[PDB]
Number of protein chains: 2
Amino acid sequence: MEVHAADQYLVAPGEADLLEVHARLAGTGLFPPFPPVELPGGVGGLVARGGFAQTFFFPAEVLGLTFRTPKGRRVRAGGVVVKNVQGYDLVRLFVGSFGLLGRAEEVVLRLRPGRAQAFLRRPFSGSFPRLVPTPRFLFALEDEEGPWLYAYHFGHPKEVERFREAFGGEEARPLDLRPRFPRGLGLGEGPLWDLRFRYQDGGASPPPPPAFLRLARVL
Amino acid sequence: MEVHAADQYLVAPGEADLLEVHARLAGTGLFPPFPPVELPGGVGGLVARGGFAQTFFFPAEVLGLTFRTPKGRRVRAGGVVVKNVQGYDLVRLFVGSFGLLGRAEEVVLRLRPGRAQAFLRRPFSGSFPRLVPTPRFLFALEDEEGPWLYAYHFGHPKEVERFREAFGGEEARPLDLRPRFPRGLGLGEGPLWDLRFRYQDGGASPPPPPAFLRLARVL
């Protein structure tokens, strides 16, 4: 993969692992649009699902991508160094398409700056709290010891310190949840959930609207 | 149109004029995702072009929309909570499609709160400046006198005040540019331009990528 530190963006293969990306950004002061949590599908799958644990609008963090349609056609979308007169949003079309349009072979993601970072966890209480400052990522996970509210944030040491003081809990190390979703990260009443979905091992993919089913046949 | 003040969103027919939306919201403390400038096509046209004068990601400000395809079908997309399981972004697909996918019959836009606003202009220097704080909208327009840099911002009274301080210039009133673009707001070497396009009366529409031409045939 390619880390464009100065321009704050990353170029990586769809098959790149989420922790693989975090490992590569170690000490760079740059952060990807996802927490230190490994999930089935890697970067490509994450993009296809429209992100994980975000408290922000994820699609805008995807600057470009190249995907392979279920028919074998290569489609390039967006870009950084080269781009057409814009419009015709092929990037957002793919983001959140859950694999219906094929798999991402390459993804270009925006990276955000941060002098400090904190990945914390604390006992869950039913609903997601409104923290201040709002962490960039928030999600719940049941560890069999009860639910756990996880939060990941980065930015100025002052905002992060502020985050720690508002959240409390304990420091958490990078998680690898692939072992708990062997049949795939689908949707359902599973042990993991964020502001958008509740995930379940082998759960079904969300139902696409008629229009999407139609366009997917000709892409 | 229907103003859902408490939920901070607006439902408007595609033909609603940009200035009628502003008049409808004047005094509500809520602002639409466009400045006080009338442009050919109304809100539907604005959405089709992917926004006007924004310094932010415009597509995210569009929560839903209903369009009639060239073949006659009508497809309802998005809809803040309750549409489908957040995925398959038909909304962003339409935003910035320039009419290629059909006409917007209805648009659902997010409204942003603000206790103060400022619409100002100053002689354009030849390139867009990096302002601090950065205004929500910025564009350049030529008049008999010459090119003018226009900026529109809203939000916290102290934020807007600081903007007025850094930007300088003079107070500007709502503009109606339909008379200057009677043949439509297309692309070209015209008298109006923002961070994404340079507009021209009766100008051409941007060229769609192959993938877009393909799915346009269906849906």
Side-chain angles (χ1 to χ4, degrees), chain A residues 48-51 54 56-63 66-67 69 71 73-79 83-102 110 186-188 194-198 203-219, chain B residues 47-51 56-63 66-67 69 71 73-79 81 83-102 110 186-188 195-198 203-219:
Chain A
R49 299 189 299 273
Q54 69 269 32
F56 55 87
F57 187 73
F58 181 85
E61 299 308 290
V62 185
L63 311 182
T66 298
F67 62 95
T69 68
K71 201 66 58 56
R73 191 184 294 283
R74 179 165 63 66
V75 182
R76 187 196 295 186
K83 285 187 297 180
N84 305 296
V85 293
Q86 65 199 304
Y88 308 118
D89 200 345
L90 289 175
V91 178
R92 277 89 242 172
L93 172 65
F94 188 87
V95 177
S97 62
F98 285 80
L100 184 67
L101 280 36
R110 176 177 188 184
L187 306 182
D194 55 29
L195 292 173
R196 285 192 310 152
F197 310 108
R198 178 158 188 177
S205 177
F212 240 80
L213 291 176
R214 282 199 294 297
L215 100 197
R217 285 179 174 295
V218 302
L219 266 179
Chain B
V47 165
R49 296 190 301 276
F56 56 88
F57 190 69
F58 178 81
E61 298 309 297
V62 191
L63 306 171
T66 297
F67 59 96
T69 71
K71 288 184 176 182
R73 285 193 280 292
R74 50 185 47 271
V75 338
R76 180 178 180 68
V81 182
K83 341 74 61 61
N84 282 303
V85 201
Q86 51 283 70
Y88 312 109
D89 204 340
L90 280 181
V91 175
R92 258 54 68 168
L93 171 62
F94 187 91
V95 181
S97 63
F98 282 82
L100 196 257
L101 274 40
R110 173 191 173 193
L187 300 183
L195 291 177
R196 286 191 311 145
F197 305 119
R198 179 172 183 184
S205 178
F212 247 76
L213 287 174
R214 282 201 295 289
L215 78 291
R217 178 70 297 182
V218 298
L219 70 55

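In what follows, chains are A, B, ... by sequence order, proteins preceding strands, each numbered from 1.
- Pairing each heavy atom of B:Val218 with each of A:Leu215, the nearest pair is CG2-CA, 3.8 Å.
- Enclosure of atom CZ in B:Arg73 by more than 12 non-hydrogen atoms of other residues, nucleotides or ligands within 6.0 angstrom is indicated.
- Of the atoms belonging to A:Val75, it is side-chain heavy atoms, and not backbone ones, that fall under 4.5 Å from chain B.
- For the pair A:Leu219 and B:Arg214, the tightest heavy-atom approach, listed with the atom from each and the gap, is C-NE, 3.8 Å.
- Contact annotation for B:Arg76: neither backbone nor side-chain heavy atoms come within less than 4.5 Å of a heavy atom of chain A.
- Across all non-hydrogen atoms, the minimal contact from A:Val85 to B:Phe197 is O-CE2, 3.0 Å.
- The residue among A:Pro210, A:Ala211, A:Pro208 with the most heavy atom pairs within less than 4.5 Å of chain B is A:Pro208.
- Contacts between A:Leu187 and chain B at a heavy-atom distance below 4.5 Å involve the side chain alone, from C-beta outward.
- Heavy-atom neighbours of A:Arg217 CZ from other residues, nucleotides or ligands within 6.0 Å: at or below the threshold of 12.
- Note: B:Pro207 leads B:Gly50, B:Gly87, B:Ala216, B:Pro207 in heavy-atom pairs under 4.5 Å with chain A.
- Between A:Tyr88 and B:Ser205, the closest heavy-atom pair is OH-OG, 3.6 Å.
- The heavy-atom pair separating B:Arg92 from A:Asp89 by the smallest distance is O-CB, 3.5 Å.
- Contact count against chain A (heavy-atom pairs under 4.5 Å) is highest for B:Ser97 among B:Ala77, B:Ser97, B:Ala48.
- Neither the backbone nor the side chain of B:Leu101 comes within contact range of chain A, judged by heavy atoms closer than 4.5 Å.
- With a 4.5 angstrom heavy-atom cutoff, A:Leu213 does not touch chain B via any of its atoms.
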